[PDB]
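S.K.: Provided herewith is a single structure, encoded as structure tokens, for subsequent inquiry.
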Amino acid sequence: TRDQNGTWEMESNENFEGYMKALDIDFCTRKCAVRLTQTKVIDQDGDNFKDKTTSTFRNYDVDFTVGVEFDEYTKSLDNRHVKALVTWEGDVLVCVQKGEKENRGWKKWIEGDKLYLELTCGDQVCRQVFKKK
Amino acid sequence: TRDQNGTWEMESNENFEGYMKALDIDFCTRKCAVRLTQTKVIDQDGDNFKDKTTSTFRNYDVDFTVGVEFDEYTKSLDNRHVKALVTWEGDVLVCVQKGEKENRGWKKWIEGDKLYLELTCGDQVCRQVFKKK
Amino acid sequence: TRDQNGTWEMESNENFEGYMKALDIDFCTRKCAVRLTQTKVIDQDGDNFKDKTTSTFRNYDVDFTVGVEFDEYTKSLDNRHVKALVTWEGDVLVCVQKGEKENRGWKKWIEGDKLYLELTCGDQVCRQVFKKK
């Protein structure tokens with residue numbers, strides 16, 4: 001159909017970087033842009049168009065059941081394939097991400113009004129704290 | 001007026017790059033920052049101020065009529081001047097962006113609840129898919 | 001507690017950079033990513049989890065009283081420490097940021113429905129305009 005009216009949210013983006021490089025867009029702009037998603041609003045009246053495009057941060061969703069392994073594609077980071085398995089150790093939620101990187105996984109737990117997250121890959125550990133809203 | 005209360009949205013930004021260089025901000029941080037807009041919330045009571053600043057992604061508008069050539073400044077990408085012409089090929093919306101780059105243009109079409117966009121410059125082709133919201 | 005339900009806003013992040021490096025995340029992405037905060041939404045029923053994580057731009061806050069010098073940590077830009085003093089010159093709000101950078105400060109004023117901001121560091125001046133929302 002020719003009727004392009006609506007709000008449209010990006011779901012896939014292939015070779016955005018090669019296209020941007022052809023436009024001589026700088027190295028830093030290319031790498032940051034290729035991770036963003038976009039929203040296009042198209043306002044169309046016959047053959048007349050008013051278009052609006054805006055970058056947005058991608059939402060990165062993951063669903064799982066404790067004790068049931070699942071395939072995870074780490075699009076929020078390095079976009080690798082891992083086989084992820086989440087277990088309870090007491091009240092600590094523990095995830096092992098089996099794949100190319102050794103000793104990769106995370107631990108997540110609630111203490112008080114705070115969520116604690118420890119991210120591990122190899123010999124590097126990232127430690128994060130979140131406040132409840 | 002001394003009364004600065006309100007929410008303020010950026011509409012122009014001159015020499016942000018030179019100011020950031022003087023502050024010795026790294027090339028990469030500068031290229032991400034220079035393209036964003038800002039919102040300032042000012043909460044003022046007499047001479048007491050609570051100020052809030054937040055970066056936001058810029059919205060890029062383009063208006064055209066099918067079959068009517070128009071001057072396009074590709075602000076969302078490489079900020080070049082092109083002579084753009086949009087035509088229908090059946091239900092495919094086709095754009096030729098005549099200018100410094102050879103074989104530059106795009107194709108856009110609706111199939112089902114999805115919008116398809118193909119961006120071309122020279123021998124580089126980027127393919128994007130959007131879902132209706 | 002095992003009950004991780006809620007919306008969680010990041011408040012601290014330690015060695016995110018080392019973790020991203022271990023994942024082979026590119027230099028540019030690492031530099032822009034460290035400046036972001038994130039919100040995690042957790043929808044949990046027993047051992048079933050639906051998790052959503054989204055990056056967002058940080059809010060940068062400043063509180064001050066006209067005529068009272070204060071310590072300012074310029075996190076939104078170069079992350080320097082300055083001694084800031086804000087004064088009125090007529091209806092123009094004037095700030096001197098005393099510190100490592102010479103001739104550093106800003107001037108801010110309302111004219112009509114617009115906020116004007118002049119940012120100065122050394123011999124570089126950035127000029128910004130905001131419209132009221």
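By order in the structure tokens, chains are A, B, ...; within a chain, residues start at 1; ligands start at 1, following the order shown.
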In Å, how much C-alpha RMSD is there between chain B and chain A after the fit, with all atoms paired in order?
M.R.: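 Here the RMSD amounts to 1.1 Å.
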S.K.: Write down, as a VMD selection string, each residue of chain B that has any atom within 8 Å of an atom of chain C, counting only C-alpha atoms.
M.R.: chain B and resid 1 to 4 6 to 16 18 to 20 22 to 25 28 to 29 32 47 to 56
S.K.: Between CA of residue 26 in chain A and CA of residue 82 in chain B, what is the spacing in Å?
M.R.: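 If I compute the distance from CA of residue 82 in chain B to CA of residue 26 in chain A, I get 19.5 Å.
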S.K.: So which residues touch residue 98 in chain C within 10 Å, counting only C-alpha atoms, skipping near sequence neighbours fewer than 3 positions away, as an MDAnalysis selection string?
M.R.: chainID C and resid 69 71:72 81:85 95 101:105
S.K.: In Å, how far is it from CA of residue 107 in chain A to CA of residue 73 in chain A?
M.R.: 18.1 Å
S.K.: What residues in chain B get the DSSP label strand (DSSP E)? Please answer as a PDB file with C-alpha atoms, in the first residue's frame.
M.R.:
ATOM      1  CA  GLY B   6       9.892  27.205  33.342  1.00  0.00           C
ATOM      2  CA  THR B   7      10.908  24.382  31.012  1.00  0.00           C
ATOM      3  CA  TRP B   8      13.214  25.447  28.210  1.00  0.00           C
ATOM      4  CA  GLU B   9      13.971  23.476  25.051  1.00  0.00           C
ATOM      5  CA  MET B  10      17.068  24.110  22.959  1.00  0.00           C
ATOM      6  CA  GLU B  11      16.488  25.695  19.575  1.00  0.00           C
ATOM      7  CA  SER B  12      20.000  26.814  18.585  1.00  0.00           C
ATOM      8  CA  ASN B  13      23.572  25.951  19.583  1.00  0.00           C
ATOM      9  CA  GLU B  14      26.542  27.887  18.129  1.00  0.00           C
ATOM     10  CA  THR B  37      19.526  18.968  22.094  1.00  0.00           C
ATOM     11  CA  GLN B  38      18.908  19.922  25.696  1.00  0.00           C
ATOM     12  CA  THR B  39      16.021  20.623  28.042  1.00  0.00           C
ATOM     13  CA  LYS B  40      16.509  22.955  31.009  1.00  0.00           C
ATOM     14  CA  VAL B  41      14.089  22.984  33.934  1.00  0.00           C
ATOM     15  CA  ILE B  42      14.582  26.072  36.121  1.00  0.00           C
ATOM     16  CA  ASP B  43      12.916  26.142  39.545  1.00  0.00           C
ATOM     17  CA  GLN B  44      13.490  29.643  40.922  1.00  0.00           C
ATOM     18  CA  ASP B  45      12.305  31.285  44.147  1.00  0.00           C
ATOM     19  CA  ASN B  48      17.204  30.582  44.991  1.00  0.00           C
ATOM     20  CA  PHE B  49      17.582  28.308  41.944  1.00  0.00           C
ATOM     21  CA  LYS B  50      17.185  24.579  41.360  1.00  0.00           C
ATOM     22  CA  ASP B  51      18.314  23.885  37.790  1.00  0.00           C
ATOM     23  CA  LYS B  52      18.060  20.615  35.835  1.00  0.00           C
ATOM     24  CA  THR B  53      19.638  19.958  32.435  1.00  0.00           C
ATOM     25  CA  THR B  54      19.109  16.800  30.343  1.00  0.00           C
ATOM     26  CA  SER B  55      20.286  15.881  26.859  1.00  0.00           C
ATOM     27  CA  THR B  56      17.742  14.609  24.334  1.00  0.00           C
ATOM     28  CA  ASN B  59      13.989  15.362  15.880  1.00  0.00           C
ATOM     29  CA  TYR B  60      14.655  15.728  12.152  1.00  0.00           C
ATOM     30  CA  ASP B  61      11.806  16.789   9.875  1.00  0.00           C
ATOM     31  CA  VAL B  62      11.484  16.536   6.121  1.00  0.00           C
ATOM     32  CA  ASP B  63       8.480  17.584   4.018  1.00  0.00           C
ATOM     33  CA  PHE B  64       8.013  16.884   0.323  1.00  0.00           C
ATOM     34  CA  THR B  65       5.467  16.184  -2.375  1.00  0.00           C
ATOM     35  CA  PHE B  70      13.188  19.910  -3.356  1.00  0.00           C
ATOM     36  CA  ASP B  71      16.382  21.056  -1.692  1.00  0.00           C
ATOM     37  CA  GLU B  72      17.357  18.644   1.085  1.00  0.00           C
ATOM     38  CA  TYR B  73      19.937  19.203   3.816  1.00  0.00           C
ATOM     39  CA  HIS B  81      22.861  19.727   0.387  1.00  0.00           C
ATOM     40  CA  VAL B  82      21.205  17.446  -2.167  1.00  0.00           C
ATOM     41  CA  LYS B  83      18.553  17.901  -4.841  1.00  0.00           C
ATOM     42  CA  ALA B  84      15.922  15.304  -3.928  1.00  0.00           C
ATOM     43  CA  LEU B  85      13.128  13.872  -6.076  1.00  0.00           C
ATOM     44  CA  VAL B  86      10.571  11.337  -4.806  1.00  0.00           C
ATOM     45  CA  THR B  87       8.518   9.175  -7.188  1.00  0.00           C
ATOM     46  CA  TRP B  88       6.196   6.205  -6.985  1.00  0.00           C
ATOM     47  CA  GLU B  89       7.193   2.948  -8.652  1.00  0.00           C
ATOM     48  CA  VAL B  92       7.411   1.673  -3.683  1.00  0.00           C
ATOM     49  CA  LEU B  93       8.356   5.243  -2.778  1.00  0.00           C
ATOM     50  CA  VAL B  94      11.650   6.028  -4.542  1.00  0.00           C
ATOM     51  CA  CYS B  95      13.976   8.949  -3.806  1.00  0.00           C
ATOM     52  CA  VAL B  96      16.978  10.135  -5.797  1.00  0.00           C
ATOM     53  CA  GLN B  97      19.205  12.516  -3.796  1.00  0.00           C
ATOM     54  CA  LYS B  98      21.239  14.244  -6.474  1.00  0.00           C
ATOM     55  CA  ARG B 104      22.576   8.172  -3.539  1.00  0.00           C
ATOM     56  CA  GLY B 105      18.924   7.696  -2.680  1.00  0.00           C
ATOM     57  CA  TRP B 106      16.424   5.485  -0.906  1.00  0.00           C
ATOM     58  CA  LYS B 107      13.363   3.268  -1.296  1.00  0.00           C
ATOM     59  CA  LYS B 108      10.502   2.972   1.187  1.00  0.00           C
ATOM     60  CA  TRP B 109       7.468   0.674   1.134  1.00  0.00           C
ATOM     61  CA  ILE B 110       4.706  -0.790   3.292  1.00  0.00           C
ATOM     62  CA  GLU B 111       4.043  -4.525   3.458  1.00  0.00           C
ATOM     63  CA  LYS B 114       5.846  -3.195   8.560  1.00  0.00           C
ATOM     64  CA  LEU B 115       7.659  -0.323   6.848  1.00  0.00           C
ATOM     65  CA  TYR B 116      10.741  -1.247   4.779  1.00  0.00           C
ATOM     66  CA  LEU B 117      13.514   1.296   4.075  1.00  0.00           C
ATOM     67  CA  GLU B 118      16.573   0.773   1.873  1.00  0.00           C
ATOM     68  CA  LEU B 119      19.271   3.452   2.006  1.00  0.00           C
ATOM     69  CA  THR B 120      21.858   3.545  -0.769  1.00  0.00           C
ATOM     70  CA  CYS B 121      25.063   5.510  -1.288  1.00  0.00           C
ATOM     71  CA  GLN B 124      26.767   0.682   0.176  1.00  0.00           C
ATOM     72  CA  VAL B 125      23.197  -0.428   0.928  1.00  0.00           C
ATOM     73  CA  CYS B 126      21.581  -0.238   4.353  1.00  0.00           C
ATOM     74  CA  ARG B 127      18.340  -2.129   4.978  1.00  0.00           C
ATOM     75  CA  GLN B 128      15.936  -1.202   7.759  1.00  0.00           C
ATOM     76  CA  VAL B 129      12.585  -2.542   8.948  1.00  0.00           C
ATOM     77  CA  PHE B 130      10.052  -0.768  11.164  1.00  0.00           C
ATOM     78  CA  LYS B 131       6.956  -2.137  12.893  1.00  0.00           C
ATOM     79  CA  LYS B 132       3.797  -0.042  13.135  1.00  0.00           C
TER      80      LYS B 132
END
